[PDB]
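Peer 1: So I pulled this structure from the PDB, and the sequence comes with it:
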Protein chains: 2
Amino acid sequence: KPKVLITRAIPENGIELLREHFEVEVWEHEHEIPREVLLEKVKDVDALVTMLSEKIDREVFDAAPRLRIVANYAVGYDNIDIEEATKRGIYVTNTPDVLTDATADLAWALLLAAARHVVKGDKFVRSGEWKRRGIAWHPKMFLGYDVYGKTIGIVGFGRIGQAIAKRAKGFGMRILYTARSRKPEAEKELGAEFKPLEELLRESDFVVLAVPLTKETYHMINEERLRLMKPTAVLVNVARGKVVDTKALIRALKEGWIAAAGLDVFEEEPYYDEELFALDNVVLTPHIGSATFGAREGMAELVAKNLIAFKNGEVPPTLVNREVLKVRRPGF
Amino acid sequence: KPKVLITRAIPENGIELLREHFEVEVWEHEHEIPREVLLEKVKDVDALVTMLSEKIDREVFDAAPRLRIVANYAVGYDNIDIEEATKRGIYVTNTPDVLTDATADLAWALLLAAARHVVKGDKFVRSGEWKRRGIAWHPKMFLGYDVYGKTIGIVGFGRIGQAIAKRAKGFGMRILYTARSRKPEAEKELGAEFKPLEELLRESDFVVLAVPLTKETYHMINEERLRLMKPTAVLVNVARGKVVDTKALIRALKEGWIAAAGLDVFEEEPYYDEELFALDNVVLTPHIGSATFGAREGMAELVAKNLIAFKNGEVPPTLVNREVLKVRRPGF
Ligand SMILES: NC(=O)c1ccc[n+]([C@@H]2O[C@H](COP(=O)([O-])OP(=O)(O)OC[C@H]3O[C@@H](n4cnc5c(N)ncnc54)[C@H](OP(=O)(O)O)[C@@H]3O)[C@@H](O)[C@H]2O)c1
Ligand SMILES: NC(=O)c1ccc[n+]([C@@H]2O[C@H](COP(=O)([O-])OP(=O)(O)OC[C@H]3O[C@@H](n4cnc5c(N)ncnc54)[C@H](OP(=O)(O)O)[C@@H]3O)[C@@H](O)[C@H]2O)c1
């Protein structure tokens, strides 16, 4: 009976389903499994369920001679060395689709919060500042940015990006996108227009990032790109922190190159930066894009389905490295 | 040349347009005009531009013998004694439409922030607590409520309510509404379904209030209605504070009768309440529904147009108390 290590307490639906087909060890602690502890525990396993926090690299593969499949509890897989996995006949799966709507909802929450000063406004009320000042209402108090009918620019036009666009249609927006290729069916269905990155940045009132982290997306939103954005524009990052040059973003926010930003993801996590966190025109969330009951349950069910399919000699439904099919047939 | 007092520093477009046709006094101070000061200044005026903060009642009318028209810098007019105005031949105008998109955007900002813990999350990051606890990401961290595909119940289905529904369509929602009359064109255009209030409250995952304050809407969201709502539901109030029984809402939030609330408006303003302000599951904004430059500019242009139309012997374009037309012809 094959052994699986699950590196965090995922929802019980997934754990229980895996227990029917695997011997299951779960890392029970809130904190990330320590690196030395991971390398010790993988020695014996046939499968892994990993979080974005575990770096599944050559060193891990060398420590886990029986390892045949890694199911990421995440749609991103920048934490896994995919090419090295393929070379070794190791299957890698992810969790697309089940978290699309949670992440797109969160991107929209950030867009609107940053646009209309929701965080600063809440503190203004909650701290008693509103009351202490004695002024109920003023025609110039807390003026923010219109969203309805404006232009949204979506960087990355896959599952999450297109979901962000569906919501934008409810807001009557002009929709621009960039991607590695045109998406002509999505253009027709969503009314979206393909643009080079730099033209998108120049024309957009709202820029939302929904790309994977790759060599090519690393620091794509740098100083030069931030300078192209409108001074009234709002930037939202629900992708990966390293897509943005944080030092450049801090200058942009402080000096008024852009109006505001909503950030769910950071170059190091958990993140603290005194300079960024002092700014009224940033809205911050602790990497909670996929944090709904429904999404996290669906993720758990999907990691389980992938490992069970593999055990049954089937191609896992959300296999990422399809080239591995030529290296080794599925199964333990 | 007729005299107008404008009780707040509204956008210059409106003030300047009025200066072409009226002798204009503007109350330019940060604080609202004191009651005793208002009663002194109205003695001499032919017209007023008022904010929601000024109570235009029998006492004001008795102090202002030349007063023929009051233009509220607001779509709401619960601060004006309309029946007494009509009896005296005084025309009352408001600012519909020009602020609809700002207010509906803000309602959506509140809905999403309350649903996904944006305010609480921001403080968790900004304070350094996220970093100090040392955990980047966890499958159970900050789980919130799915919005896409859920049911929204919109209480009041006029200009702002229908705008809230247009946005909901981008979120693929089932749309319920209640109002004093059925809206068959809106049903066809928006896919919205009419329900009695109590069925709407039972069936909705998100309830948004967009009614005026009247004798009938006063405390309509009371203990009984909050108990009918789902324990997972989110309530958003962009209407008037007095539509909700705040004491009952506090019990509902604390005891889990509903999940969360987003509030832009309160029974007293500015508002202070230690019990409500202690709650993680409320999101607060300081009555900033119409707070975009474009909304506020349009409001200013519209108050000016109303007073100028009246001066010209025309029916003002956003006259509220149309029965006054039988009492006195327009003009000074
Ligand atoms: N904040 C969170 O909690 C959270 C949650 C889930 C996901 N995420 C992040 O969101 C990412 C996207 O997920 P998804 O399901 O939408 O993935 P996806 O369907 O693969 O979409 C990614 C899109 O990015 C585009 N892209 C890739 N490299 C690009 C480049 N260099 N320039 C421009 N566009 C580029 C792709 O273009 P092509 O289609 O032309 O190849 C694709 O359209 C994940 O990889 C993850 O890092 C974050
Ligand atoms: N938070 C802010 O900054 C902000 C900004 C602007 C406005 N507001 C508030 O929002 C209100 C609505 O503005 P609007 O332009 O949408 O007005 P509206 O177009 O007159 O719409 C009001 C809707 O409420 C309905 N209604 C009235 N009494 C009701 C009751 N007892 N039960 C159920 N529905 C009832 C009306 O029914 P019928 O259609 O049958 O008449 C109508 O559908 C304003 O009056 C103001 O108080 C707040």
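Peer 2: It's in. Residues are numbered from 1 along each chain as shown, chains lettered A, B, ... in the order given. Ligands and ions are numbered 1, 2, ... in the order given.

Peer 1: Only C-alpha atoms from now on, for both contacts and neighbour counts.
Peer 2: OK.

Peer 1: secondary structure element for residue A:71?
Peer 2: Residue A:71 is part of strand A:69-72, with elements assigned from DSSP states H and E.

Peer 1: got a list of what the residue of chain A positioned farthest from its centre touches?
Peer 2: Distance from the C-alpha centroid of chain A peaks at residue A:134, with 42.0 Å (Cα atoms, centre = their mean). Taking Cα atoms under 8 Å, 6 or more residues apart in numbering or on different chains as the criterion, residue A:134 is in contact with B:31, B:270.

Peer 1: got it, and residue A:68?
Peer 2: Shown in contact with residue A:68 (Cα under 8 Å, 6+ apart): A:46, A:47, A:89, A:90, A:91, A:331, A:332.

Peer 1: can you tell me the distance between the two ends of stretch A:229-246?
Peer 2: One end of stretch A:229-246 to the other measures 16 Å (Cα to Cα, to the nearest Å).

Peer 1: and that stretch, anywhere near ligand 1?
Peer 2: Yes: residues of stretch A:229-246 contacting ligand 1 under Cα under 6 Å from any ligand atom: A:238, A:239, A:240.

Peer 1: Tell me how far that stretch lies from the chain's centre.
Peer 2: The chain centroid and the centroid of stretch A:229-246 are separated by 13 Å under Cα atoms, centre = their mean, to the nearest Å.

Peer 1: Repeat that for stretch A:276-290.
Peer 2: 14 Å.

Peer 1: And the contacts of it?
Peer 2: If you take Cα under 8 Å, 6+ apart as the criterion, stretch A:276-290 is touched by A:99-100, A:102-104, A:106-107, A:110, A:113-114, A:117, A:119-120, A:238, A:250, A:253-254, A:259-265, A:270, A:296, B:118, B:121-122, B:124-126, B:130, B:136-137, B:141-143.

Peer 1: go on, stretch A:191-199?
Peer 2: Residues outside stretch A:191-199 that contact it (Cα under 8 Å, 6+ apart) are A:155, A:165, A:174, A:175, A:176, A:177, A:178, A:182, A:186, A:187, A:225, A:228.

Peer 1: Make a markdown table from those residues and add neighbour count, distance to residue A:278 and secondary structure to it.
Peer 2: Formatted as a markdown table, these follow (neighbours: other Cα atoms under 10 Å in any protein chain shown; distance: Cα to Cα, whole Å; DSSP: H, G, I helix; E, B strand; the rest coil):
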| residue | neighbour count | distance to residue A:278 | secondary structure |
| --- | --- | --- | --- |
| A:155 | 23 | 27 | strand |
| A:165 | 27 | 31 | helix |
| A:174 | 19 | 33 | strand |
| A:175 | 25 | 32 | strand |
| A:176 | 26 | 32 | strand |
| A:177 | 27 | 32 | strand |
| A:178 | 24 | 32 | strand |
| A:182 | 14 | 40 | coil |
| A:186 | 15 | 40 | helix |
| A:187 | 16 | 40 | helix |
| A:225 | 16 | 23 | helix |
| A:228 | 16 | 24 | helix |
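
Peer 1: quick one: which of these is nearest residue A:210?
Peer 2: Of all the contacts of stretch A:191-199, residue A:155 has the smallest distance to residue A:210: 5.8 Å, by Cα to Cα.

Peer 1: returning to that earlier point: filter the contacts of residue A:68 down to the ones in strands?
Peer 2: Using DSSP state E, the members of those that fall in strands are A:47, A:91.

Peer 1: Among the contacts of residue A:68, which one is most surrounded by other residues?
Peer 2: Per-residue neighbour counts (other Cα atoms under 10 Å in any protein chain shown) across the contacts of residue A:68 peak at residue A:91, which has 31 neighbours.
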